[PDB]
Amino acid sequence: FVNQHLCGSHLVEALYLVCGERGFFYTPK
Amino acid sequence: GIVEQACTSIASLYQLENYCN
């Protein structure tokens, strides 16, 4: 989930795992 | 931002942590 290319939903899953109870912001530009 | 850069380049732990609340 880290130190790799994270396209599409793969980035969302990585943020979910990394951020835990804090949650996260997912913001495409 | 990260959504664009993480697909074209290796995403790090620090990069991901920057988007936690």
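Rules used in this analysis
- Residues numbered from 1 in each chain as written, not as in the entry; some residues may be left out.
- Chains lettered and ligands numbered in written order.
- Heavy atoms only, no water.
- Contact = heavy atoms within 4.5 Å.
- Buried area = accessible area lost by both parts, 1.4 Å probe.
- Salt bridge = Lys/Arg side-chain N within 4 Å of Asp/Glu carboxyl O.
- Polar contact = N/O pair within 3.5 Å; in protein donor to acceptor, adjacent residues only side chain to side chain.
- Helix = DSSP H or I, 4+ residues; strand = E, 2+ residues; numbered from the N terminus.
- Nonpolar A, V, L, I, M, F, W, Y, C, P; charged D, E, K, R; others polar.
- Disulfide = S-S within 2.5 Å.
- Buried < 20%, exposed > 50% of the residue type's maximum accessible area, 1.4 Å probe, protein only.

The deposited coordinates for this entry were obtained by X-ray crystallography, with a reported resolution of 1.550 Å.

A. Just the interface of chain B and chain A, in detail. Across the boundary between the two partners, chain B contributes 17 residues, which contact 20 residues of chain A. Carbon and sulfur atoms make up 65% of the area that chain B and chain A hide from each other, which totals about 1600 Å². Our count for the chain B to chain A interface comes out at 0 salt bridges. Linking chain B to chain A there are 9 residue pairs in polar contact. The set of elements that each furnish at least two residues to the side of chain B that touches chain A consists of α1 (2-8) and α2 (13-17) of chain B. Top element by residues in the side of chain B that touches chain A is α1 of chain B. It accounts for 6 residues. When the residues that make up the side of chain B that touches chain A are grouped by side-chain class, the tally is 10 nonpolar, 5 polar and 2 charged.

B. Main features of the state of the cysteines. Scanning the model with the defined rule gives 2 disulfides over all chains in all. Each sulfur of the disulfide joining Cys7 of chain A and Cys7 of chain B lies 2.1 Å from the other. Looking down the S-S bond of the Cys7 of chain A and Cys7 of chain B bridge, the torsion is 90°, so its handedness is right-handed. Here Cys7 of chain A is found in the segment before α1 (9-19), whereas its partner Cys7 of chain B is found in helix α1 on a different chain. On the basis of relative accessible area, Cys7 of chain A is assigned to the partly exposed category, the value being 30%. Between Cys19 of chain A and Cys20 of chain B runs a disulfide, and the two sulfur atoms are separated by 2.0 Å. Disulfide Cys19 of chain A-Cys20 of chain B: the torsion about the S-S bond is -80°, which places it as left-handed.

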